[PDB]
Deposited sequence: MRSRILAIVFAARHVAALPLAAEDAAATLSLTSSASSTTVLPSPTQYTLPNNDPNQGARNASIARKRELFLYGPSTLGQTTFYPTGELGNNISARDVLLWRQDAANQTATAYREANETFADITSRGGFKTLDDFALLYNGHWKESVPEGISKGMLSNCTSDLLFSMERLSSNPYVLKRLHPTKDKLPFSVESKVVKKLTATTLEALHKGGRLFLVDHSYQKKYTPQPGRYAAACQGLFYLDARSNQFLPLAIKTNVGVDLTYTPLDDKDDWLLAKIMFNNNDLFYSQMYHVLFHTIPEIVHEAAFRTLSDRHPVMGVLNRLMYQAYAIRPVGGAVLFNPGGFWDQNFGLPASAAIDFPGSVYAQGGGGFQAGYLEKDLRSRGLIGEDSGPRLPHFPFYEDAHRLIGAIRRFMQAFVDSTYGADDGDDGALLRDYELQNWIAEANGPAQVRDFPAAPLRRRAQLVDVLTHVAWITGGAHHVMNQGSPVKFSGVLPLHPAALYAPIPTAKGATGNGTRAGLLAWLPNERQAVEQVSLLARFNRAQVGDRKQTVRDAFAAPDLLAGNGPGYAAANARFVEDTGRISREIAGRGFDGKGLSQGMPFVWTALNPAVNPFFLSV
């Protein structure tokens, strides 16, 4: 039922249907920011509207549930007198959100919230896409610290830590360009981290606000000053993750657009891409209508206005970001210096990389068997003579204007396997680290991770609940992030393990497809049992961290870009 065009008798009719798709499914202007073309035309609008319909019916249950459990949560907090201290923020979570967030929020995220190791390790797990190692000579120190502070904190110097390849940087200073909404405040933090030889641990060193009087904090500051510095950084990091992942939505969309304009609907790769891009064309329309509109959910809850949120992924794209091959797992991490001994020592623990490496392994095994089943050989003339595939590549590189896509002509199976692996990895993995249930479980857990700051950025070293949301605002943050989660994915059979198990794909693709599918189901069964069984060792650590991180669990995540 799905076949290649190479030996198709009805090739001229197949060509005709493609030519008619190309008249009705058109590249339109970028929406939801300025990145990638969004489909327009009669057929592109029909597809967009079908996806919005499916999304509408799939969001009802989770939305209603989240509002109900938010109303209950607020009744409980209010009845207990509200927040008198930072520990009462646990009332926001204990015993609540059982239906919206069945797995609960991160084990250890509340108990150990003041832990510096937990604050540094988040940059290698919850949001691993920003951290970057400082090259000893090709990068300079972003900011300076009083060397007496550096010596008492690290037992060495910034110069020596830099020369030794042990300094790492998170740079959110670009958010200096934005102005908070009135009654809201925000910094533009740069965080400096280091790998400590004394303990073999990735640790926080300093935080520079880059706003106002521009203070620099350290774990040697007063307790509340350092804690508040970490809160400001977490605010900037939340803004970053939420708005950079727009690109995790728009790079797949454009790759699928170019494919839909060139591959036959009966092409086996078209069917797998359609499966992975399930409902994907809803995210820009829905987000534009309720999330980033004037007074929408973003404006209601976050510090920076929706206009700044929407400007950020376009600025990234305008500076050259969002390359397709640039985003392959190891290519990305190696470009940031996070894999192996790269002009410095090896990170002892990179939980995102390890979980990612396992899951991507399962996906790549499947994709390899899928490509071999379709084209029939070993690790390539059948690929070269698939004019639909070659058209897809030319179309991507040309009219669709995809960045950093494998050049045409595509000569090696390994290239196609890379493309298909990276798409499945975005929709069933990378997306769910930044968005999906990750903000409610890890990235946006109060009090350490507030969507907005409610008191002005300090001007000296003195200080608290005043920067943090009040009871209603806190419930409203947890309620929005709970609305990014999808508790029903399991019963809907829309989990990452079921990604390739669509009945029409099993019925129309051939025996090799179904064998690769069964191996993928068993592999992701192993991976999901490993992740769900996670807990703390004898040092209170999980993957070297004071919290349990499960964002890449294939039994919990959907196989598509669901929010």
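- Unmodelled segments of the deposited chain, in sequence order: 1-45, 425-426, 511-518.
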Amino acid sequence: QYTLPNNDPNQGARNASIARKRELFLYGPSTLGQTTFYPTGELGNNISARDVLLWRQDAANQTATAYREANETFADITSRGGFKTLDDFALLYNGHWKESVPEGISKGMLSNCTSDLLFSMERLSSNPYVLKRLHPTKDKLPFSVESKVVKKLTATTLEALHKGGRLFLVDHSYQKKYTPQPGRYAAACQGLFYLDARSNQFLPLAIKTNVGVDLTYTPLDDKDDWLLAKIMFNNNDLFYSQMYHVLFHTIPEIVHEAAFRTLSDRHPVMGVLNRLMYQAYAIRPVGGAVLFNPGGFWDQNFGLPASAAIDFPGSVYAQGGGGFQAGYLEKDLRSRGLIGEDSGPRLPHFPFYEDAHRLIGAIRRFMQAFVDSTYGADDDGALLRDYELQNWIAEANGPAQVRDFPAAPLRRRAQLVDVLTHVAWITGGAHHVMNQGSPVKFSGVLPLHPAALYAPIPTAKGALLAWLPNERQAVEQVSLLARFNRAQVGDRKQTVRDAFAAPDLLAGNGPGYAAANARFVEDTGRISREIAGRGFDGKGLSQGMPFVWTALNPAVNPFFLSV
From here on, numbers count along this sequence of modelled residues.
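- Looking at 521-529 and 22-30 together, the entry lists the larger mean B-factor for 521-529, computed on C-alpha atoms.
- When the C-alpha B-factors of 284-292 and 182-190 are averaged, 182-190 comes out higher.
- Highest C-alpha temperature factor among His245, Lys132, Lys140, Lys177 per the entry: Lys140.
- The PDB entry gives the largest Cα B-factor of the residues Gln300, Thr73, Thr250, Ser125 to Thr73.
- When the modelled residues of the chain are ordered by their C-alpha B factor, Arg50 lands in the lowest third.
- In this PDB entry, the Cα temperature factor of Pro348 sits in the top third of its chain's modelled residues, the highest group.
- Among the modelled residues of its chain, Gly340 has a C-alpha B-factor that falls in the highest third according to the deposited record.
- Ranked by C-alpha B-factor against the other modelled residues of its chain, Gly361 falls in the lowest third.
- Ranked within its chain, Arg56 lands in the middle third, by CA B factor from the PDB record.
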